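Enquirer: structure for the following, please:
(chains A, B, C and D)
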Amino acid sequence: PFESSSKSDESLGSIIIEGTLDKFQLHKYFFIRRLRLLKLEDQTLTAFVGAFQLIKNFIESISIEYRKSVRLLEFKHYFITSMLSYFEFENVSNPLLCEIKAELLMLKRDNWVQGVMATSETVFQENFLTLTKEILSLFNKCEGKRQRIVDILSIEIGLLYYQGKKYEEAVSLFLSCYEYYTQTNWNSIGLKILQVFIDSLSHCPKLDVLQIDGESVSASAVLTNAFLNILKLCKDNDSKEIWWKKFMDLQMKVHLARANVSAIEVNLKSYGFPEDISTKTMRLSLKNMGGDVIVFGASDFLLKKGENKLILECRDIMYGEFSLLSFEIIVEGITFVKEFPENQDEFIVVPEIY
Amino acid sequence: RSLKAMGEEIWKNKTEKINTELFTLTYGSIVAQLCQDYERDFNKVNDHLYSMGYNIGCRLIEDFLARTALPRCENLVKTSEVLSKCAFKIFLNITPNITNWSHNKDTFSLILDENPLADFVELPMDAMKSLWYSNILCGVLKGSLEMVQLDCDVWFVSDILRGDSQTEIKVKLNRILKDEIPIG
Amino acid sequence: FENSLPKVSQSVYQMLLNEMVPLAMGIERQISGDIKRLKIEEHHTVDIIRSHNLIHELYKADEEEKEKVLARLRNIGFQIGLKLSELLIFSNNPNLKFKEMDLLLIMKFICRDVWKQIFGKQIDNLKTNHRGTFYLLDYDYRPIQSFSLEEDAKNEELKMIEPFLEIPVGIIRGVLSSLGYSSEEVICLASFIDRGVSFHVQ
Amino acid sequence: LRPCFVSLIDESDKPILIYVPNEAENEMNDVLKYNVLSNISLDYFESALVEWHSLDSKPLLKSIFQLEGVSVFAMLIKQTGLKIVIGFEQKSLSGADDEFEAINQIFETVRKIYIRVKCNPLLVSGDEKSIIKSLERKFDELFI
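Expert: Numbering: from 1, shown residues only, chains lettered A, B, ... in the order given. The structure is reproduced below:
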């Protein structure tokens, strides 16, 4: 009976669609066919959700049907055709699949309401959207899976927190979540999350850092800003990295250890000089405009370490900088046994050990 | 009867297989080997490809002559006939065209239409100006013609993969080999 | 079902398949890190060896250099195996999803299609130990029919055939690692029963 | 009929490429509003609302959701574990059923150019930038 009703309903809908005229009243016939399908699918565990898909594609197709700005008000009618269908899907206390179906219905209703409200209570719109997004976030979090939509929903809720002036920033406090969207696989969500975190640190005016660990620091902004400068697009936004390095220099807070992937240094052949052999001249490239550091390239012997070739003053501001790297106190009477164990750390009040 | 008719005729009694998804990526995989083993050298790979080509052309000329029994060629009219009208027909299902000979007809060029050795490769920027791709073909056309008693030399001029001009190969008779008859 | 899409000769591929082995011996024995022949090019000279002398140089090869050769053969078979499997993807075989939990279901893929594509015929027999060790069989491995053994010297001929087996080792290793991982996989001999080679996998 | 974003996801959480048409002008184009749909699309593979049945050998197409006036479609090609997502808006859509086969043409002609790009022999094995650059010039050849 159910499969015959589905096949006969599809065939009768196609046969009624073969008649061209009266498409506006044909909405009522499509709703009658949907009610006939809904009466057949009255007791289904998962297929009712598929019947919700039979709603949703029809909710697509009716969205394909009406094409006007004022039909957005008819989409408000579709909001009623969501909400009564939400009344058709509220007959459960708690379940795995019904929670996700209610989450998808609430997301569709919230998208329709945000489409309607943005056409032309402005303070209350943020509160109502935060209430609806909190309900949808709780519904999506009440599941055995789906952490990916929950993280984007929490980021949207924190952006709504940032949509007004707020000193309490959940996304900026969740640097673990920022690193979860920044460490790998995503370079545009992270570039906005780090910009929001840096703006919240700019409007923080506090030195009470995160209490989730021992990370109490006023250079946590610089620690995030190193990743923001690494994940920057180009030198068009180099003023942000320069301003963050200037703030890190002014607020210094000196202990750090950077991977120095923003700088590229290449060495050359070992040589000698007058009274101390100035071996291992190296050429270095950088993204920042101004940098001065005592960069020393260490080298390990069989059982020793030279740790030589440091230059105190560095006015170089270009790729292939060609540092001289004078190396006093040559160990093992300038033997050839010393291999490479190069830290190449360029400390500019913070260590960058490449 | 004609050399078009024989070269098309062998395709009714030749065992065949797919020209994409095998035999393109064999050549692509060995040129990837030669690129990665010489640390991206672009001219030694031409030498090793031409060496392996010479060996496979000297080993392939016997199967070509046993597949269709033909007399020994003597000029660059019969070779330019037999190559473009049965040899690439029965080994690659293609047919090139012949143009740009000299006044004494001691050369020609070998404009190829659909090279099935390079289908959608698009070589990178550094190899685009100092590498030839299909050097296995120049090796074959050295080693095959060197065993029918002609010294020869076969070189690329341009190809589609790096250049707007077509895929062609230049070729010189470079004398006729003398068969050595006596005892001494 | 009968797709007649463009094609080339089997023979030129089979002999290119056969001369991948002295190509590997030539690329290892000549790495250019500082009897043979010589050829004339325009202001240029090459210097070559011929193939059977290089297989005889494999007969006089160093032991560590021999396994330094055999990594390159499974590497090139690995490359052509993963790319050939990636083209099979277009075939849309319905057997498998990913990570091969049922290992014999894709053993029913490789013998049916991959060996059909490379060597024109099915793998005629597969035996199943259920610990992941699967026992291949084919009576006539296709690119060694043309390898003529010499007169009554078969103990050399076995040792000069079986380094041509690392290419299908690379084939089945590459189609396994196109589907996720690397596990152990070796060769056998399996002297045939009615008028060629066997393979083990995990 | 032209898309608004394309997306290729391998068997991990990574994207191979998130390509949008027309990067050259801003034109109120937010890459941010495209990546959030791509992030939740890999979530909604495991949802029980849709399912890709494996009885047919041919890989099939679905309609997972519709947000911000944009409809997205997610073919899971079954065997190599590649996830592909293409997005379209309502103004490009005509609402008919003849367009569905043309959508499947667009899906297979970007799968074909992916398997032709990643089977280039001369590229070094590993996730280079050159696979991304070759994919975007082939896409800009496909999409002006």
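Enquirer: the helices in the chain, which residues?
Expert: Using chain A. Secondary structure of chain A, counting by DSSP state H: helices at A:2-17, A:26-40, A:47-65, A:71-87, A:96-117, A:122-141, A:147-162, A:170-173, A:175-180, A:189-202, A:220-230, A:238-250.
Enquirer: wait, chain D
Expert: D:32-43, D:99-117, D:130-142.
Enquirer: which of those helices sits closest to chain A?
Expert: helix D:32-43 (3.7 Å; CB to the nearest CB). Every C-beta, even on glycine, is put in place using the N, C-alpha and C of the backbone.
Enquirer: buried stuff in the closest one?
Expert: By neighbour count with 16 or more other CB atoms under 10 Å in any protein chain shown, helix D:32-43 contains the buried residues D:34-43.
Enquirer: reformat the helices of chain A as JSON lines; add distance to residue C:73.
Expert: Converted to JSON lines, the helices of chain A look like this (distance: least, CB to CB, whole Å):
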{"stretch": "helix A:2-17", "distance to residue C:73": "57"}
{"stretch": "helix A:26-40", "distance to residue C:73": "61"}
{"stretch": "helix A:47-65", "distance to residue C:73": "52"}
{"stretch": "helix A:71-87", "distance to residue C:73": "63"}
{"stretch": "helix A:96-117", "distance to residue C:73": "51"}
{"stretch": "helix A:122-141", "distance to residue C:73": "52"}
{"stretch": "helix A:147-162", "distance to residue C:73": "43"}
{"stretch": "helix A:170-173", "distance to residue C:73": "53"}
{"stretch": "helix A:175-180", "distance to residue C:73": "43"}
{"stretch": "helix A:189-202", "distance to residue C:73": "44"}
{"stretch": "helix A:220-230", "distance to residue C:73": "41"}
{"stretch": "helix A:238-250", "distance to residue C:73": "49"}
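Enquirer: quick one: which of the ones you listed is nearest chain C?
Expert: Here helix A:147-162 is closest among those (CB to the nearest CB), at 19.4 Å.
Enquirer: which residues are in contact with residue 157?
Expert: Answering for chain A, as no chain was given. Applying CB atoms under 8 Å, 6 or more residues apart in numbering or on different chains, we find residue A:157 in contact with A:130, A:133-134, A:137, A:170.
Enquirer: oops, I was thinking of chain B
Expert: So residue B:157 contacts B:109, B:165, B:168-170 (CB under 8 Å, 6+ apart).
Enquirer: among the contacts of residue A:157, who's most crowded?
Expert: residue A:137 (20 neighbours; other CB atoms under 10 Å in any protein chain shown).
Enquirer: and the one residue in chain A that gets nearest to chain D, how many neighbours?
Expert: Proximity of chain A to chain D (CB to the nearest CB) peaks at residue A:64, 2.9 Å away. Residues near residue A:64, counting by other CB under 10 Å, number 16.
Enquirer: picking up where we left off before, redo the helices of chain D as CSV? Include distance to chain B.
Expert: Below are these laid out as CSV (distance: least, CB to the nearest CB, whole Å):
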stretch, distance to chain B
helix D:32-43, 27
helix D:99-117, 5
helix D:130-142, 7
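Enquirer: which of the ones you listed sits most buried?
Expert: Neighbour counts (mean count of other CB atoms under 10 Å in any protein chain shown) averaged over each of those peak at helix D:32-43, with a mean of 20.
Enquirer: can you confirm whether that helix lies near chain C?
Expert: No - if you take CB under 8 Å from any CB of the partner chain as the test, helix D:32-43 misses chain C, and the best it gets is 14.9 Å.
Enquirer: the closest residue to chain A within chain B and residue C:178, how far apart?
Expert: Chain B approaches chain A most closely through residue B:39 (16.9 Å), counting by CB to the nearest CB. Residue B:39 sits 27 Å away from residue C:178, going by CB to CB, to the nearest Å.
Enquirer: more neighbours, those two?
Expert: residue C:178 (18 against 6).
Enquirer: can I assume the more buried one is in contact with residue C:80?
Expert: No - assessed by CB atoms under 8 Å, residue C:178 is found out of contact with residue C:80, at 11.2 Å.
Enquirer: secondary structure element for the nearest residue to residue B:98 once chain neighbours are set aside?
Expert: The spatially closest residue to residue B:98, leaving aside those adjacent along the chain, is residue B:80, at 4.8 Å (CB to CB, 6 or more residues apart in numbering or on different chains). Under the criterion of DSSP states H and E, residue B:80 resides in helix B:78-82.
Enquirer: residues contacting that helix, please?
Expert: B:3, B:70, B:73, B:98, B:108, B:145, B:150.
Enquirer: and chain C, is the helix or strand just after that helix touching that?
Expert: Downstream of helix B:78-82, the first helix or strand assigned by DSSP H and E is helix B:88-92. Yes - against chain C, helix B:88-92 shows contacts by CB under 8 Å from any CB at B:90-92.
Enquirer: much appreciated, bye for now.
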